[PDB]
Every structure is written in structure tokens, then in C-alpha cells.
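Only this structure's heavy atoms are used, side chains among them; waters, hydrogens and symmetry mates stay out. Throughout, numbering of the chain's residues begins at 1 and tracks the sequence.
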Amino acid sequence: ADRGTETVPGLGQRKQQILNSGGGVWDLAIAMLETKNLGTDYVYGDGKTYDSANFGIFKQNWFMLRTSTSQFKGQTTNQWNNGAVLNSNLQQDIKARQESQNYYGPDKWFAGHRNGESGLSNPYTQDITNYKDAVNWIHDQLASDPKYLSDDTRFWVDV
Ligand SMILES: OC[C@H]1O[C@@H](O[C@H]2[C@H](O)[C@H](O)[C@H](O[C@H]3[C@H](O)[C@H](O)[C@H](O[C@H]4[C@H](O)[C@H](O)[C@H](O[C@H]5[C@H](O)[C@H](O)[C@H](O[C@H]6[C@H](O)[C@H](O)[C@H](O)O[C@@H]6CO)O[C@@H]5CO)O[C@@H]4CO)O[C@@H]3CO)O[C@@H]2CO)[C@@H](O)[C@@H](O)[C@@H]1O
């Protein structure tokens, strides 16, 4: 099976931090696909650098951060280490992602989040659509019972 459930100690505390730090159920769904622990403690930049570098609980990339958020408006590729603040500031992390999606719109945001600058030029590939559909499924699972907003259940999808 390409999707399912698992129980992760501490997840509910993370879900409630997200929902109490400006996040909605939609942000939770994206974050839940990004990491198992709703955390930022994957390797720095997810092992990537400059525009590809991933930061925050959604693993937003620096290209998206510098082009579409008020926190990083107008910054350069070389300034990519400036995104690291999102690894410790959840409020700004969520606000950045929400702003990013409002700048690009959901379609474009999905493409540029999933595939960087290249995704903006081809936003409806099968891979981006699959990622979109997985996030939608996870959101549907979380929305199906309020207990999933505070328990330790993770809904995962293999994209
Ligand atoms: O413009 C700059 C250049 O950008 C390039 O594009 C980049 C882009 O900049 C950015 O770096 C982007 O980064 C992606 C990244 O590639 C990746 O997709 C990432 O998404 C992850 C996350 O890292 C984890 O890998 C996560 O893993 C979860 C699994 O999906 C799954 O849910 C799993 O569940 C399992 C379960 O736990 C249990 O074990 C069960 O038994 O089995 C299940 C199945 O495994 O749990 C995992 C979590 O632990 O998946 C997500 C999603 O895939 O997110 C970012 C996107 O934000 O990459 C692109 C490059 O592709 C280019 O455009 C370049 O041209 C530019 O110059």
C-alpha cells in the first residue's frame, strides 16, 4: 500500500503547536508529509545549498523563500543561510509558507515548493500532481476526526 497510518510519540504536541502558532489543518497536512516528527531536525538544508536548501517544518526551499515571503523579500541566492532562522521560529515558518502560497497561488506554490524554480515552468507534471494528491489525502484524513488534530497519529503517503 502507498499510504497508511503510524503513531509517533510527541506528534500531538507538535500538531497543537502548529495549530496554535498560526497554522491551519492545511499547513499540518503539508508538514506531516515533509517529516515524520513535524520537526526541523533533519540535516541542515536537507543536505542542499543555495536556492535548493530546505528549511522549516515544510522543508520550504530558499528559492521560494526569497521570491514570495515578506520575511525574505528580495534576498539573493547567496543569502541562503538566512533561511535557517525558520528552523527555530515556527510562527515565522508558518507565516512564510502561507505568504508563499498567497503570492504564487496554490498551483504554482505546489510546483515551486515541490520542484524549485524549475517547477514554476512546468507546474502540472505527474510528480507535482502526485504530491498535491498526497497532501490532499492527508488533509482529508486529518479533517475526518478532530482527534487527529491532537493525537499521535501520522498519516503518510509514499510519493
Ligand atoms: O530553484 C533551485 C533549484 O531547485 C530544484 O528543485 C528542488 C527544490 O529546491 C527543493 O530542494 C526540493 O526539495 C524537496 C525534496 O526533494 C523532497 O521532495 C522533500 O520532501 C520530502 C521529505 O524530504 C521526506 O523525504 C519525506 O519523507 C516521508 C515520505 O514521503 C513518506 O511519507 C514516509 O512515510 C513512511 C512511513 O514513515 C513508514 O516508514 C512506512 O513504513 O513507510 C512510509 C513510506 O516511506 O515518511 C517520510 C518522512 O520521514 O517525503 C517528503 C515528500 O517527498 O521536500 C522538498 C520539497 O519541499 O527538491 C527539488 C529538487 O527535486 C530544481 O528545480 C533546480 O532546477 C533548481 O536550480
- Task: Might you point out which heavy atoms bring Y131 and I30 nearest each other, and give the distance in Å?
- Result: OH-CG2, 3.8 Å
- Query: Within the distance-only criterion (no hydrogens, no angle test), does the side chain of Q75 pair as donor or acceptor with the backbone N or O of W80 below 3.5 angstrom?
  - Reply: no
- Are there more than 12 heavy atoms of other residues, nucleotides or ligands under 6.0 Å from atom OH of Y44? yes
- Query: Would a 4.5 Å heavy-atom cut-off, applied to side chains only, mark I57 and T35 as touching?
  - Reply: no
- Message: Between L86 and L19, is there shared hydrophobic-cluster membership here, with clusters defined by ILVMFWY side-chain heavy atoms closer than 4.5 Å?
- Response: no
- Are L142 and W137 side-chain neighbours, meaning at least one heavy-atom pair lies under 4.5 Å? no
- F55 and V85, any side-chain heavy atoms less than 4.5 Å apart: no
- Message: Does any part of the side chain of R154, heavy atoms only, come nearer than 4.5 Å to the side chain of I138, both counted from C-beta?
- Response: no
- Any donor-acceptor pair under 3.5 Å from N115 side chain to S118 backbone: no
- What heavy-atom pair brings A134 and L33 nearest, and what distance separates the two atoms? CB-CD2, 3.9 Å
- So do the side chains of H113 and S100 get within less than 4.5 Å of each other, counting heavy atoms only? no
- Message: Is the shortest side-chain heavy-atom distance between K108 and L120 below 4.5 Å?
- Response: yes
- Query: Just wondering, do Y50 and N78 contact through their side chains at under 4.5 Å, heavy atoms?
  - Reply: yes
- Message: Let me check something: do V25 and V135 share a hydrophobic cluster, defined by ILVMFWY side-chain heavy atoms less than 4.5 Å apart, either directly or through other members?
- Response: yes
- Task: Please work out whether the ring planes of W62 and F72 are parallel, tilted or perpendicular, with thresholds of 30° and 60°.
- Result: perpendicular
- Would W109 end up clustered with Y124 when hydrophobic side chains under 4.5 Å apart are linked, directly or stepwise? no
- Query: Tell me, which pairs form a salt bridge (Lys or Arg N to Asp or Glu O under 4.0 Å) where one or both residues lie in residues 82-100, sequence neighbours left out?
  - Reply: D27-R97, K95-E99
